[PDB]
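Data first, discussion second: the structure below is written as structure tokens.
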Amino acid sequence: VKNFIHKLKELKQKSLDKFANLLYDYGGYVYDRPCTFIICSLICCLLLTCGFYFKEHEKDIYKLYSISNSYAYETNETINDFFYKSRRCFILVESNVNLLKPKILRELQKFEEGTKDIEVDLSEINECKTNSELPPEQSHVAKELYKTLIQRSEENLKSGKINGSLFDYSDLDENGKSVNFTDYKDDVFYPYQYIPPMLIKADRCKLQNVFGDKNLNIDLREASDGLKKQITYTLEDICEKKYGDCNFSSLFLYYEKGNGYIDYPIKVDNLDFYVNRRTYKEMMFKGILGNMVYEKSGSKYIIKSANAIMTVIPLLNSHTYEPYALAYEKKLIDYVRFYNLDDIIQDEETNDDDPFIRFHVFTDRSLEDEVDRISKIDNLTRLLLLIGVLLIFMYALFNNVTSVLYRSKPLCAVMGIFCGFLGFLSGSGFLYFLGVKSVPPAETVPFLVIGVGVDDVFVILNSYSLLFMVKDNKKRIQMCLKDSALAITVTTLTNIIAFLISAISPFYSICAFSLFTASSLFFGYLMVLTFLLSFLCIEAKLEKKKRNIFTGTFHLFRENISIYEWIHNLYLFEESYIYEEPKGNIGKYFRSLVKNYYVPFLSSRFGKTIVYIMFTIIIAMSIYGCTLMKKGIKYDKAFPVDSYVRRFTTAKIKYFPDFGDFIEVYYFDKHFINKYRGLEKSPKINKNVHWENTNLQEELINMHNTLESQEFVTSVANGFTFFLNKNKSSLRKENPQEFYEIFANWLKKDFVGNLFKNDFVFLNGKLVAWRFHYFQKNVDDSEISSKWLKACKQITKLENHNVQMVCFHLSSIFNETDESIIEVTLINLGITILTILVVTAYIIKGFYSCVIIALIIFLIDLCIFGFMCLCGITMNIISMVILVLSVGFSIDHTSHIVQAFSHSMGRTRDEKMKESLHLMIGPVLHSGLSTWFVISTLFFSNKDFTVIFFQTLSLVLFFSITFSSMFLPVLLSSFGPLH
Ligand SMILES: CC(C)CCC[C@@H](C)[C@H]1CC[C@H]2[C@@H]3CC=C4C[C@@H](O)CC[C@]4(C)[C@H]3CC[C@]12C
Ligand SMILES: *[C@@H]1O[C@H](CO)[C@@H](O)[C@H](O)[C@H]1NC(C)=O
């Protein structure tokens with residue numbers, strides 16, 4: 001096998017030589033007729049860009065940024081399917097004034113009424129248009145079940161009688177009995193005003209289904225658009241109506257039915273239970289108003305100066321009402337965000353010492369809106385991108401221009417700058433043709449890609465200058481493509497593979513960004529090989545006739561020695577005209593400057609000691625930063641100042657410290673769930689629970705007390721505990737029928753039961769599914785919030801009686817994602833490391849250099865992670881992806897340097913390092929500077945998604961330049977794979 005291994009190494013080097021010869025022939029062919037290649041490349045790129053017409057956008061936050069775990073998503077789906085929720089819109093009217101002055105209160109009442117006034121035409125709804133289709137209908141057997149359920153609901157509501165002797169309370173078997181319609185038949189449900197929401201699926205297009213009060217029976221998807229404009233619905237039509245009037249919660253409830261008086265002050269008995277007996281409606285003054293500097297005269301409360309006022313608006317979360325609810329929300333936020341009552345607050349007492357009525361608002365879809373706030377590419381960001389392109393263009397022009405005009409090649413720089421953008425366009429169009437939609441992070445796709453392309457440009461140009469000796473310009477270009485094409489191909493392949501491995505990430509945003517960027521880099525490399533190379537050939541031919549670019553414009557208006565062999569021979573001649581580069585070469589001045597001071601410094605043992613000390617202390621700082629690790633979890637999804645959602649949340653925290661998240665807790669009996677999930681197509685953890693057991697109820701009330709005991713739990717609203725307290729004596733007999741009947745009567749008769757009438761359901765009177773909600777204290781730190789959620793899950797377990805209470809909130813998914821962000825990133829980085837090691841082993845002459853490459857990459861990753869932790873960058877998905885991407889960039893640079901050293905000759909390892917530096921220190925530095933010039937304008941951005949990206953990328957680029965320019969050269973000089 002050893003003979004086979006050495007023959008395989010010989011085959012590898014022979015294949016590299018064959019690749020070089022093929023590129024030699026390709027360069028000859030390009031030199032044959034550059035203009036045809038130029039026009040063909042341009043038309044192909046235009047055809048690729050034509051896919052922009054087919055471009056589609058993906059902007060759902062959860063798809064972009066979430067693990068998409070089955071657990072939380074399944075929990076949310078189950079809650080939606082088996083329970084009814086109420087969408088809550090909050091409108092915190094914060095101020096620096098009392099807000100209880102009669103004039104200010106009158107103005108607030110104006111605003112309150114106005115909210116109700118808001119109306120929306122039917123045409124605004126996207127689903128209401130006749131163009132919108134109808135989703136596949138519910139199962140026919142499921143529809144029959146829905147009909148039977150609504151029929152029996154009507155019959156039972158008319159009857160009003162509740163008894164349990166009809167039901168069978170025998171403990172269910174594993175099959176939930178003790179396909180066919182009869183299986184789901186006779187499913188008596190309590191409360192009678194309840195049907196499983198999963199079976200509530202009909203044609204929401206019809207006006208009658210959603211709004212029966214209209215009495216018109218029109219179908220929005222089957223009617224004229226103008227008539228849809230004519231038909232309108234107000235807030236009421238889409239608002240839950242407690243007591244048959246309204247379910248909205250606000251201070252003005254106290255003023256309803258003349259009980260309260262705007263001019264007069266307020267005095268109520270209870271903060272959270274004062275009921276307006278005129279209206280029979282209660283209100284939680286603590287929840288309604290915040291930062292209340294009010295007084296409390298014993299039982300009565302002297303509400304004097306409530307500097308913050310909040311209002312809660314409920315909306316039907318039913319799938320039928322969903323588009324209408326979204327529409328109104330949209331109207332509402334605008335109604336409030338553009339609302340202003342500065343006139344009344346003018347010339348009023350202010351604690352801040354000017355009045356400021358913010359009118360903060362928040363809705364369910366508002367988060368998505370803020371996602372759009374960061375999804376759209378800022379106009380300022382586009383301007384910054386263009387300025388960075390101009391900066392890198394100027395830098396490339398400066399590098400290309402020389403003392404001798406005809407020898408300089410500005411056109412090469414210009415066409416490289418253009419070719420980067422053209423390759424980006426080609427990749428974007430190809431991905432659009434593939435059908436993958438765009439992502440917000442793709443805002444950084446163009447700029448970065450451009451810079452990457454420009455890198456290759458430099459290398460090619462370098463080779464051209466390095467072949468000044470060749471008199472035949474055709475032969476010069478042929479050898480230029482013979483030499484550096486392998487390096488650029490390796491760089492492109494490595495970047496593509498790294499970005500693919502990044503695309504393996506479950507995150508759709510990261511995957512799409514990586515796929516788009518990899519395709520763009522591939523197309524840019526292809527364009528460079530044809531477009532930029534053809535322009536290079538044109539300019540080389542112009543230089544052959546000693547034609548300046550200005551002179552050429554005016555006129556049109558009217559020795560196979562290896563370059564490494566050459567540099568080795570030059571250094572040997574120095575030790576002991578051909579090696580004298582002509583005046584005005586592309587990189588003669590820079591290479592001479594490097595060879596004068598930098599190369600002797602790195603060759604010097606004292607310089608090596610200095611470099612090693614510096615990098616050792618850098619590694620120590622990196623270790624310290626990794627130990628710090630900054631913050632493991634983000635705070636608010638990088639919510640900027642220009643975010644009514646974030647401002648509202650800050651206001652809520654500031655003025656309502658006693659109100660955090662409305663965490664919900666659910667119990668779902670396994671049998672009923674499984675059955676109803678099946679119809680709409682440990683085992684005994686929740687297989688069947690005998691709730692009539694006294695010990696089980698004792699455990700439940702104990703769990704309630706324990707949850708109340710927790711410092712992070714503000715309060716709870718477990719109605720089951722209230723029922724247990726009210727009817728403990730009657731529950732002495734553990735009869736399931738008696739338990740069900742008493743619970744049903746309490747739900748129907750007791751006003752407390754009415755308050756919790758929609759938190760418990762009964763299949764054959766067995767309490768299959770129920771829930772309770774609790775207010776949890778607000779906190780900015782998501783880590784401690786996730787820990788609190790885990791503690792709540794543990795407390796509500798009650799595994800002793802074979803019970804398990806699941807917990808949910810909107811932030812649970814975000815907390816779970818921030819839990820495994822680092823883990824998935826580490827796994828992806830490991831896969832990336834494996835792929836890069838394979839590639840290097842297959843593209844590097846020596847395996848010692850391969851392991852050196854691996855060590856360099858590991859060290860660079862450690863350093864960049866430590867320094868980004870030190871600088872204050874927490875765990876952000878942008879940081880995680882840019883980690884791998886800039887690792888790919890750094891290993892491209894490292895491959896350049898390592899190939900330069902390995903293919904460099906020299907009797908001394910230090911001499912070999914010196915030759916490698918003199919041959920390749922230029923292109924790497926130019927590439928790094930170009931990329932940093934591209935990304936520099938992103939120093940400040942509208943969203944953190946861009947500024948944090950800039951910080952991470954700039955830091956990693958600095959580290960890559962430093963290592964491949966200082967650490968890697970000295971390492972290869974003192975311990976490199978000599979011979
Ligand atoms: C001992 C008892 C009588 C004291 C008063 C209990 C209070 C604090 C409880 C009982 C019923 C509860 C309500 C039950 C249901 C909902 C709907 C939800 O979308 C918002 C909270 C809200 C509106 C609860 C607020 C708190 C509440 C009013
Ligand atoms: C309800 O059940 C009771 C027994 O609890 C029994 O009298 C009868 O089945 C029902 N009562 C009616 C219909 O009045």
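Just so we're on the same page: first chain in the structure tokens is A, next is B, and so on; residues restart at 1 for each chain, and ligands are numbered from 1 in the order they show up.
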
Could I get the residue neighbourhood of ligand 1 at 9 Å, counting only C-alpha atoms and all ligand atoms, as a PyMOL selection string?
chain A and resi 85-88+247+249+270-274+282-284+287+312+314+662+715-719+722+752+755-756+758-759+772-775

Within 10 Å of ligand 2, which residues of chain A come that close, and what is the closest atom pair and distance in Å for each? Count only C-alpha atoms and all ligand atoms and give it as a Markdown table.
```
| residue | atom | partner | partner_atom_place_in_ligand_line | distance |
| --- | --- | --- | --- | --- |
| A:159 | CA | ligand 2 | 13 (C) | 9.6 |
| A:161 | CA | ligand 2 | 14 (O) | 7.3 |
| A:162 | CA | ligand 2 | 1 (C) | 6.8 |
| A:163 | CA | ligand 2 | 1 (C) | 4.4 |
| A:164 | CA | ligand 2 | 5 (O) | 5.8 |
| A:165 | CA | ligand 2 | 5 (O) | 4.8 |
| A:166 | CA | ligand 2 | 9 (O) | 6.1 |
| A:167 | CA | ligand 2 | 2 (O) | 9.4 |
| A:737 | CA | ligand 2 | 5 (O) | 8.5 |
| A:738 | CA | ligand 2 | 5 (O) | 8.9 |
| A:741 | CA | ligand 2 | 5 (O) | 8.8 |
```

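Across the structure, atom CA of residue A:45 and atom CA of residue A:549 are spaced 26.2 Å apart.
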
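Rounded to one decimal, atom CA of residue A:638 and atom CA of residue A:876 lie 9.1 Å from each other.
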
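Considering the residues A:555, A:360, A:595, A:909 and counting only C-alpha atoms, residue A:90 has its shortest atom-to-atom contact with A:360.
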
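Neighbours of stretch 175-187 of chain A closer than or equal to 7 Å, with only C-alpha atoms counted and sequence neighbours fewer than 5 positions away skipped, come out as residues 141, 145, 170, 671, 679, 763 and 764 of chain A.
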
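Proximity ranking of A:794, A:702, A:528, A:960 relative to residue A:38 places A:528 first, based on only C-alpha atoms.
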
Taking into account only C-alpha atoms, which residue in the set A:377, A:580, A:103, A:526 is nearest to residue A:343?
A:103

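The nearest approach to residue A:100 among the residues A:148, A:305, A:484, A:138, with only C-alpha atoms taken into account, belongs to A:305.
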
Residue A:605 environment, 12 Å, only C-alpha atoms, sequence neighbours closer than 4 positions dropped, as JSON, numbers by chain:
{"A": [599, 600, 601, 609, 610, 611, 612, 910, 970, 971, 973, 974]}

Would you export the selected residues with C-alpha atoms as an mmCIF file, in the first residue's frame, please?
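What ended up in again_20.cif:
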```cif
data_model
loop_
_atom_site.group_PDB
_atom_site.id
_atom_site.type_symbol
_atom_site.label_atom_id
_atom_site.label_comp_id
_atom_site.auth_asym_id
_atom_site.auth_seq_id
_atom_site.Cartn_x
_atom_site.Cartn_y
_atom_site.Cartn_z
ATOM 1 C CA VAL A 599 11.655 39.917 5.106
ATOM 2 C CA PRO A 600 14.936 40.458 7.038
ATOM 3 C CA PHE A 601 12.896 41.185 10.171
ATOM 4 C CA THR A 609 11.241 35.797 19.121
ATOM 5 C CA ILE A 610 9.271 39.055 19.033
ATOM 6 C CA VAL A 611 6.605 37.504 16.794
ATOM 7 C CA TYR A 612 6.299 34.414 18.983
ATOM 8 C CA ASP A 910 14.385 30.591 6.329
ATOM 9 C CA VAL A 970 7.874 32.469 11.095
ATOM 10 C CA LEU A 971 6.364 29.069 11.914
ATOM 11 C CA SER A 973 10.691 29.340 8.617
ATOM 12 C CA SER A 974 11.631 27.812 11.978
#
```

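Of the listed residues (A:101, A:420, A:750, A:332), A:101 comes nearest to residue A:261; the distances count only C-alpha atoms.
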
Excluding residue A:507 and any residue of its chain fewer than 5 positions from it, enumerate the residues within 8 Å of it, using only C-alpha atoms, and give them as an MDAnalysis selection string.
chainID A and resid 63:67
